[PDB]
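We place every Cβ from the backbone using ideal geometry, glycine too, and count neighbours over all the protein chains shown. Throughout, read-outs are computed from the coordinates displayed, never taken from laboratory work.
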Amino acid sequence: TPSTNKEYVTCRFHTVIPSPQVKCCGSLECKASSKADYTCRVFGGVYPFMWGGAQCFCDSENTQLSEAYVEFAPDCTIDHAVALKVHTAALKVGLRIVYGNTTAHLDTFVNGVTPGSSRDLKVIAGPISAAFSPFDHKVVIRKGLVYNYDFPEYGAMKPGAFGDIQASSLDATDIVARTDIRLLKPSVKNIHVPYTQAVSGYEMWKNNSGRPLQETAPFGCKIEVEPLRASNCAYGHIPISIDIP
Amino acid sequence: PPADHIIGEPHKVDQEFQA
Amino acid sequence: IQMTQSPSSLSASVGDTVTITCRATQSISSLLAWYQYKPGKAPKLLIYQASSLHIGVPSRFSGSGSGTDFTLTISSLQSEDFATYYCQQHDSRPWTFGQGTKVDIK
Amino acid sequence: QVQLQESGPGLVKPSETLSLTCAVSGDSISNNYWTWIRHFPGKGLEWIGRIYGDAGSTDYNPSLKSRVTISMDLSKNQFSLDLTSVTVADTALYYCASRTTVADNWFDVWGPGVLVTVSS
Amino acid sequence: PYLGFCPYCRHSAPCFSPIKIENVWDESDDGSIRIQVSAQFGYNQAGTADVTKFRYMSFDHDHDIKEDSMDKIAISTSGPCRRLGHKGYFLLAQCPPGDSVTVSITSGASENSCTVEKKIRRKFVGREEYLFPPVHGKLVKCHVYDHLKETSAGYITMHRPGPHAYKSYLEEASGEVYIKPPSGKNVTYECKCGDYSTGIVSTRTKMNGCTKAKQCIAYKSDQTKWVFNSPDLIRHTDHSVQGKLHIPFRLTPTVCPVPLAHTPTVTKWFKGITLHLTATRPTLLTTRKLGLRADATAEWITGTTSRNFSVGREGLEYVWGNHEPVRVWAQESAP
Amino acid sequence: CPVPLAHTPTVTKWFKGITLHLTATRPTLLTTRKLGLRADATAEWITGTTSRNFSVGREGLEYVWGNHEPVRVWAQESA
Amino acid sequence: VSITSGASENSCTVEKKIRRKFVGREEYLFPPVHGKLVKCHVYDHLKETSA
Ligand SMILES: *[C@@H]1O[C@H](CO)[C@@H](O[C@@H]2O[C@H](CO)[C@@H](O)[C@H](O)[C@H]2NC(C)=O)[C@H](O)[C@H]1NC(C)=O
Ligand SMILES: *[C@@H]1O[C@H](CO)[C@@H](O)[C@H](O)[C@H]1NC(C)=O
Ligand SMILES: *[C@@H]1O[C@H](CO)[C@@H](O)[C@H](O)[C@H]1NC(C)=O
Ligand SMILES: *[C@@H]1O[C@H](CO)[C@@H](O)[C@H](O)[C@H]1NC(C)=O
């Protein structure tokens, strides 16, 4: 077991698009909000139609307002990836100790100091002869699969890669993102706001995943999650001293 | 030497030989 | 959308059947709700959706209608339900009310 | 269950800001529509306005839009009424309303209500 | 229900369609998708939940609401889709793989369709490809869109509608502009025929100072409906949130069958193994050593073949598809 | 006739050469040519996200990303 | 091509590789709402023209 702390969560973004508003021979200015990747741009005359062929008076000096930002998808409550860092890992053995006729089941700490007891017996464990951990410094959990991907840190988003949508919790309102959405001046006569968007870096990381650490970690060592441990992991020799009564 | 590497404006002038 | 409550007043005894109509100036489909005003107390909903019963309300109370013309039929009238009748639509903002229909013991 | 109780001054001078209070008990403030309803004696009910809990969105009657402002207090489980420059026609019995449905014009719940008389 | 700008019409063009698809999710592992349309399903004229009929947006100047049933709705991607559930803006269907998704009403001879590009790629669980699930196999944890109607996968924010203007409420005759309203509705006007002008009018009434029909705007202030924050609408001046409706068909954890392939026949030789493998469908073989260096490799295998895998004193671990992991170790049988 | 427009490229600048950070959900044509004596024309249909290292000369280089307006760049002497 | 005269239908089939095509330098399924306006040539939908 290591000590783990989460940084953010990452899933497929939902590119929500607010409806345009017109004061269509007035004047509008770019506002500033706290949404995820808020891009706002003030454009020229398009003379937009929606269904009647006349949706604007005073057809010159004909500015409009464009708004675009991103937010979590509704299906991100399960289909999401959370980033973790680990620290120096601590190992735990479960020992069956049989002396004479009396047996005992015991789980103890591998540190060299802390003992484990089963009602008569004092046994200490540790340290390991060779320190080893299959976990790199940056790991990602995705539906029980742990990967050794070096994700970018908090706030340092790269579009087209993993970690381009970051939030401290799935229900957190402080969603931060720079996915490089860019707005374009509309040319069609009917009303619609154009936008270009880079591909989902979560879906890029899903397409370019590789194989899981359950099938990659050496030493015959499968990996369990919630929280993250490595189970039945065979390496080294453990010094054990038993205080037999 | 210039800090910028590529500028979006052409060279108006040409360098002479060994100058 | 304005309201013309019908009828303004009607005296009836216990066990009779009284019909109160609800006419809207515009087609409001069947989104209508009716209320029963008890003096010195908040009015309680009896019929929602112009045909559907609120839980707790008596089955004897039955409303009907669609579009602009609506009716409530009060069958087997008792003593506890002499009150003020108020049909309320919920389409336009804000919602409006009638002028009130008074029923009293004969 | 949801219980509402009105608590406002019963006698206010005309051309004065009317402030009335409805407290909410038994349920949170942020997940239901909250509504004020007036009822002048000798007349009928009339709409005032409404607020949503966690959003603060307000929709009011166009005639009274210029004189009705609604604020809410999540810490006190509180939503309030402000009516500026009252007249003698503003004398009415005032109800605060709430509904089992998150948002509905029809209100399942209703406070006992408070009487407000505007006179000199 | 509002009306949106569909990217593909009946014939070839874009057109404005009332069954316009906003976006499609395909996160379910069983091929089911969720479709957001601008029409409301499961509701009658009043809006009371009646399962047999749905309501949509009308193709005329009074801009009222018309209704139809599910016997004339269709979902298709490449072939016809099977319909499973519906609430309001949301649909769900089981579809074959295709490059796009289509929705269509068949209102007699007036048949309208909307098509939005979406690469519906077929997906599978486990490590083995399958067309239809076996009746026998390992029961593994899966993630599907549930069939229960009263579920919650999230919320969407809807707001009050903005100006919905027309040309049919305006008319030009002998150099002056007229406004014709319908019976019993008050249509507000706002345009500059010179100085700025506003007002509310319910009767045939004239204007002054302008001679062109295109210069003015008339729209009815109708509060009877809630519109989704769509990219095809001009919003109201007060764009604040006023209500929220549920997103049904939540992606639940359920258990699903996955196939089990042919169990391999292992021949034994000195410090190495060879798996005689048969697979009608591509399955994943993952091996790793039990030493300091993993030397892990993986390849999807179609047909039948044989793979030569060396085993050390530390040992080798292999997984053939969805079977239990089996670990092999070498002897010291030198010849 | 209508034709689509892709995402505008991201340019990272280095010594006598450019690298275009490109994103395209569909295969689109990228064509580059120099402004000197030798054109050195390169053309490849690109699907997905791929970064391409393009060496530019002093005379210049013109790259056409999709159906956009061709954009001409020139190299400096930042040795 | 096939007529369906009730229960007596007749069909004709000829082989031809009908491959889907596009214009410009970008491949697409259905025409976007936004983009560059470029020159292409389509078959005229009006019947009263001659080729
Ligand atoms: C259209 O406008 C007219 C005039 O403002 C409205 O008629 C008024 O309605 C109110 C409420 O019922 C009455 O108190 C007024 O006395 C009415 N005035 C007149 C001159 O009739 C009418 O209700 C409006 N209709 C709509 C659809 O909003
Ligand atoms: C996934 O990767 C493959 C190989 O690079 C590529 O052909 C395919 O288009 C990619 N799919 C997506 C859209 O991520
Ligand atoms: C596996 O080893 C045997 C014996 O050396 C050899 O005949 C065969 O060709 C090898 N096959 C592969 C996959 O290399
Ligand atoms: C492009 O050049 C940089 C710097 O030399 C290098 O790191 C990168 O790998 C190169 N990429 C390609 C496409 O060769």
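Taking DSSP loops as anything outside H, G, I, E and B, show the longest stretch in chain E free of trypsin sites (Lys or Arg not before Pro) there with at most 11 other beta carbons within 10 Å.
The answer is E:1-120.
Under a straight-distance cross-link criterion of Cα-Cα below 17 Å, which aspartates and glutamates are reachable from A:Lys35, leaving out those fewer than 8 residues away in the same chain?
Straight-line reach from A:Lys35, under 17 Å: A:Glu67, A:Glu71, A:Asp164, A:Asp171, A:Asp174, A:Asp180.
What's the Cα-based Rg to Rh of segment E:231-335, Rh via Kirkwood?
Rounded to two decimals, Rg over Rh is 1.40.
Tell me the relative contact order for chain D as a rounded percent, counting alpha carbon contacts under 8 Å between residues six or more apart.
Rounded, it is 36 percent for chain D.
Quick check: the distance between the Cα centres of segment A:63-87 and segment D:89-112, to the nearest angstrom?
Distance between centres, Cα-based: 39 Å.
Starting from the coordinates of the alpha-carbon atoms of segment A:115-245, obtain the Kirkwood hydrodynamic radius over all distinct pairs and give the value in Å to one decimal.
In segment A:115-245 this quantity evaluates to 19.5 Å.
Hey, what did chain A get for relative contact order, percent, Cα under 8 Å, at least 6 apart?
Details: 513 pairs, mean separation 55.1, N = 245.
It comes to 23 percent, rounded to a whole number.
Taking one equal scatterer on every alpha-carbon of the protein assembly as shown, how large is log10 of I(q)/I(0) by Debye at q = 0.07, 0.10 1/Å?
-0.85, -1.36
Roughly what would the spin-label model give for D:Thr100 and E:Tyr130, points 7 Å off Cα along C-beta, in nm?
4.4
What number, rounded to the nearest 500 deg cm²/dmol, is the helix-based mean residue ellipticity at 222 nm of chain A, given -39500 (n - 2.57) per DSSP H run of at least four residues and division by all its residues?
Helix-only estimate at 222 nm: -500 deg cm²/dmol.
Mind listing which chymotrypsin sites (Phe, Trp or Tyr not before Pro) in segment E:126-209 are in a DSSP loop and have 15 or fewer other Cβ atoms within 10 Å? Provide the component values of the computation, followed by the final result.
Values: sites: E:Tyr130, E:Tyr145, E:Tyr155, E:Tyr166, E:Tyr169, E:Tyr178, E:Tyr189, E:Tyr196; in loops: E:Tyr130, E:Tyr166, E:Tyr169.
Sparse-neighbourhood loop chymotrypsin sites (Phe, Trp or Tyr not before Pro): E:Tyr130.
If you place +1 on the Cβ of every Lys and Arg and -1 on the Cβ of every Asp and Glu, how big does the dipole about the Cα centre of the protein assembly as shown come out, in debye to the nearest 20?
So the magnitude is around 1200 debye.
Normalised by the number of residues in segment E:228-315, what is the relative contact order in percent for Cα pairs under 8 Å and 6+ residues apart?
Computed value for segment E:228-315: 24 percent relative contact order.
Tell me the net charge near F:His68. Cut-off is 14 Å between Cβ atoms, F:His68 excluded, with +1 for each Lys or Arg and -1 for each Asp or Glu.
Taking every Cβ under 14 Å from that of F:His68, the sum is +2.
By the gyration tensor of its Cα atoms, with a ≥ b ≥ c the square roots of the eigenvalues, what is the shape of segment E:1-146: rounded for a/c under 1.5, prolate for a/b over b/c, or oblate?
prolate
Give the order of A:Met157, E:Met70, D:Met72 when sorted by the count of other beta carbons within 10 angstrom, beginning with the fewest.
Working: A:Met157 23, E:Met70 14, D:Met72 20.
Ordered by Cβ neighbours within 10 Å, fewest first: E:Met70, D:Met72, A:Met157.
To make sure I understand, if each residue's beta carbon is the centre and we count other beta carbons within 10 Å, what order do E:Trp320, D:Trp106, E:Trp300 fall in, fewest to most?
E:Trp300, D:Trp106, E:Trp320
Counting residues in chain G as N, plug N into 2.2 N^0.38 Å and put the Cα Rg over that result.
After normalising by residue count via 2.2 N^0.38 Å, the value is 1.82.
Counting other Cβ atoms within 10 Å of each Cβ, which GluC sites (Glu not before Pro) in segment E:106-194 have at most 12 and sit in a DSSP loop? Walk me through the numbers on the way to the answer.
On the way: sites: E:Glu111, E:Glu117, E:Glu128, E:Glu129, E:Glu150, E:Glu171, E:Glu172, E:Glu176, E:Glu190; in loops: E:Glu129, E:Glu150.
Within segment E:106-194, the qualifying GluC sites (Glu not before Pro) (loop, at most 12 other Cβ atoms within 10 Å) are E:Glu150.
Between D:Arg38 and residues 5 or more places away or on another chain, which pairs have amide H atoms under 5 Å apart, with H built 1.01 Å from N, and which residues are they?
D:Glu46, D:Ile48, D:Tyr95
Counting only residues 5 or more places away or on other chains, whose amide H sits under 5 Å from the amide H of A:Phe49 once H atoms are built in the peptide plane?
So A:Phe49 has HN proximity to A:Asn190, A:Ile191.
Specify which residue in the list E:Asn186, D:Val2, E:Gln45 is farthest towards the positive end of the charge dipole of the protein assembly as shown, using unit charges on the beta carbon of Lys, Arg (+1) and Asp, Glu (-1), about the Cα centre.
Result: E:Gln45.
So which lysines pass the test for E:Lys214, namely a Cα distance under 24 Å, with those fewer than 8 places away in the same chain ruled out?
Cα-Cα hits under 24 Å: A:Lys23, A:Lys185, A:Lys189, E:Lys167, E:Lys180, E:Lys185, E:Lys192, E:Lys206.
May I ask for the distance between the Cα centers of segment C:19-43 and segment A:106-175, given as a whole number of Å?
63
Could you check which residue among E:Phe16, E:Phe90, E:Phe249 shows the biggest mean-square fluctuation in a GNM of chain E with a 10 Å Cα cutoff?
E:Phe16
Compute the distance from the alpha-carbon center of segment E:261-335 to that of segment E:1-32, in whole Å.
Using only Cα atoms, the two centres lie 48 Å from each other.
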